[PDB]
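Only one chain comes next, encoded as structure tokens, the form deposited in one PDB entry.
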């Protein structure tokens, strides 16, 4: 492919040339091809290619696949969301002094995983339990790939390696279903308020890693007003287009969050979100590794721009 060859025989800059190491980083400027070089870098400055000796040409045949297997039709749940979640994954990892808490497996899972937490989205979301169906279609799609020929970045691990990682990847993706993350967090939100925390304990390694996956899913909510707002207008575009669709085939009305109107109350809906989900998920996180404040803060900096906009309704 005149695509793989290219990204193959190019030059993956660096964690610095690419500034992929900051909570303030955005996809906005660089072209897709580049969001490939970065990602490739991601694996690289993460030790994934070297330990698991990933074939250069396949990390790229994978990614490209991973990418092209995304729709630029949806207005948020597009490749640029996965990239921006792998990034925010790749940063709370380094500049967050979090990496030092995970194994080299759980780190391959989270990169591979995180670049697939929403693999084949179509624009069908919620607002409040479904047992994570949309999520198995993502994993089943995740796996569909990793197994694919010429895109097998795990074809270097061992039976108990490929297992232990598919157990994280899966359990990982399936954790982007806020439902679970809400029918859980409530507890992982006391290991803190009782400090009895501990990552050596498996279960807690679960609750953590999860609360971490969503933390990055919502990555864009703690981004510089520019980068952040520029995105909420995208998720908005989608949330509204989903109402429009479900008022054509079906004949239901919209749940505010999704009606092309109520656009004036979008703030308090953004505000409510943060207070209902964002805030505590990030502050609490912080306590794990204080090098995460950049998020919990960017958040509070945004939940004061909404409280502003909203104080005009």
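Definition used throughout: the rigid core is the maximal C-alpha set that superposes within 1.5 Å between two forms. Residues that one form lacks are left out of the comparison. Positions refer to the first chain, counted from 1.
One more form of this protein, deposited in another entry, exists but is not displayed; see below.
Residue shifts between the shown form and the other one, rigid core superposed: of 102, 134, 211, 232, the only C-alpha displaced by 2 Å or more belongs to 134.
The Cα position of residue 71 differs by 2 Å or more between the shown form and the other one after fitting on the rigid core. Once both forms are fitted on their rigid core, the CA atom of residue 56 lies less than 2 Å apart between the shown form and the other one. In a rigid-core overlay of the protein, residue 262 has its C-alpha displaced by at least 2 Å between the shown form and the other one. The gap between the Cα atoms of residue 36 and residue 134 is larger in the other entry, by no less than 3 Å, than in this form. Inter-residue distance, residue 34 to residue 138 (Cα): increased by at least 3 Å in the other entry versus the depicted form.
Under a 2 Å criterion for C-alpha shift, the consecutive stretches of 3+ residues that differ between the shown form and the other one after core superposition lie at 71-73, 129-138, 257-263.
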